[PDB]
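Quick setup: one chain, the form described as "inactive state" in its entry title, written in structure tokens, and binding and motion questions come after.
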């Protein structure tokens, strides 16, 4: 269940020295200081509108009741008593540390000094989360540019201007000429038609053509170094690269500007023309406000998407206040779409113009409160009794073409302003945001939303912590290398602006004559009907993902692996399966899937042979085959993203512990060194000769491995691991070779229980293929033998090569025990 303390409004419980501070929820993510406690003595800080009050205060707990929404009573634990409770021989009361014991080093890196409080560590961890998510969504981008090859993108740095790169053409060193020849080969690929916004430009003659060679190199280099910086841990001045993007060479800035300006120029030029009808009608019904200001407000409402960020579902509000009314009838379907939207502005302006005060009641009652529906019903009730006359007037203002059309050929505009208050061009947006947009040209669909939303959340959290620290009187002055975060408010605004217009995709150019072959190969076809299948397969949203992150001919072969297809169809609900079968073949639920899996695997041209039903049949078959293939590839890529997180964390924590004084060894040649440094064990003659003892458990470097049980399990697993196996596992995960060779690695599978099993079977088979020609250790040989015998992923083998993540117990258990892996498909623990 949700935390009762958060229901009462206790946002956070900070600790500063011998004092503990409690905060409440303000507007949005802002925080308001409420109470301060000094050893059972308390003095409230917010008096104008308290969110909660303390009833009984003891050294080991604080009791609250809350005043807003449901009066829910709750108890909060004193942060100063953490790790200092009963059975600990009554230790002193002190400020807590993070589980990795990296709080002193992390604070000394981002700030100049150690701090006696726990506010700064949360800001540092949010920055770490930003880097973590950038690693995931950057390693996927380079994979897209690697896939089209059917190396260069590694070790590509931003201190090499294209004026220098061209000199490499006649260079006598073969290792450099091969690097240049890789670039020459890359730009001639027809698959560069995909990711159009990053490599193609529009010009009059008008048609789309490739950019110049200079601009293409800048895009590849910028994305290339983003991966290298966000996966490796650079040494020297290069480690602050993302936070010092103002120092880039002129070529990289110009390409970023040109890429960023295209959508902002498209949208901002059509605003008046595309929305003229709505503006005039809204100004007719809202004539009390000046037209010049009023049209500016509508820019905030729709173009900037401000009306959806208010903290509650305005969609639900409108749905609940338009209950059972005649103007919403289907007989006005030609108006209903606009009637809702013009009602939405009437809704949005209310909580800003006049009734801004009482939006707090709605945003707080919902939080303190499933039974949350009646809150919407009550709130929607007042909405009608006030806005009935207003929205009914709009309901007839839109009536008839006499206004829905006369609003266009009137051709009257204010036209007086100099195009101000719009979305900013490239000259005003910071370089950090412009690099995010370039990264999003290569991701697809939900990934864009995930990345942008996560970035917005983390930056907002950083801003809230900074404001709290300003209120408390603490020092926040970042080090000179990290001045990037001082203006976090500015970077938040640009990302919120970006989320409004980012297209979540990049539409391909009008050169689909080349995509004909790929679209035919994805079905294994290779007259007249062929062009129809090509036209339908292309422009299907699920085909865009398949041809970017996969190879068309390889995808068809994996459709022949029956268990992989059968598992995907089981995830589709029973109602949907019935719909497909009704269209695909004009019975038992289980048997319906079996017949469907037979047809999707053996799809041929002959299967595609009045005419209306046959046209509809082929549309269903294409939609089904692409849907199944999209689901399997998406899940495998997302699972592989979980391990790039783990390896990024390993390579970051290695350097973090290096500064703390713990000897770690060279992480490159053996990736299990970090977990050996934490447990205080050292390799000797290639094996761990130190047996288990309770003394080593107590002297562990971090709190995770002070668990007596889990030290033994990890130590037992390290003995079974091998250096080469872990290195090849690292190489496979970061370059996504497990998905690149889905053609071979999935051939002999027997049963797929979840996407965890399917993913780890692909990696283990790849490891078998890689080491079949070389000597292996006895444990690896036993694991390979078990894999061959059972034809399913060996559970013990997973615990072997996932050992470099052992220093973080939670991450180790999540990435080695099935069921604890995915939060959407929970399962029982197996340890």
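Definition used throughout: the rigid core is the maximal C-alpha set that superposes within 1.5 Å between two forms. Residue numbers count along the first chain shown, from 1.
**Asked** In at least one third of the other PDB entries compared, is residue 92 left unmodelled?
**Response** Other entries vs residue 92: none skip it.
**Request:** Would you mind checking whether residue 204 is unresolved in the model of at least a third of the other PDB entries compared?
**Result:** In at least a third of the comparable entries (those modelling both sides of it), residue 204 has no coordinates.
**Item:** Size class of the missing deposited segment between residue 173 and residue 174
**Value:** According to the record, the chain runs unbroken from residue 173 to residue 174.
**Asked** If you count the residues of the deposited sequence that sit between residue 708 and residue 709 but have no coordinates, do you get none, 1 to 3, 4 to 9, or 10 or more?
**Response** Missing residues, residue 708 to residue 709: none.
Beyond what is shown, the protein has a form described as "active state" in its entry title; the following relates to that form.
**Request:** Tell which of 696, 425, 478, 340, after superposing on the rigid core, has its C-alpha displaced by 2 Å or more between this form and the one not shown, please.
**Result:** Correct option: 340.
**Prompt:** After superposition on the rigid core, does the Cα atom of residue 259 shift by at least 2 Å between this form and the one not shown?
**Reply:** No, residue 259 moves less than 2 Å.
**Prompt:** 2 Å or more on the CA of residue 563 between this form and the one not shown, with the rigid core superposed, yes or no?
**Reply:** No, shifts by less than 2 Å.
**Core-aligned CA displacement of residue 301 at least 2 Å between this form and the one not shown** = Result for residue 301: yes, a 2 Å-plus shift.
**Asked** Between residue 363 and residue 78, do the C-alpha atoms lie closer or farther in the other entry than in the shown form, with a difference of 3 angstroms or more?
**Response** Farther apart in the other entry, by 3 Å or more.
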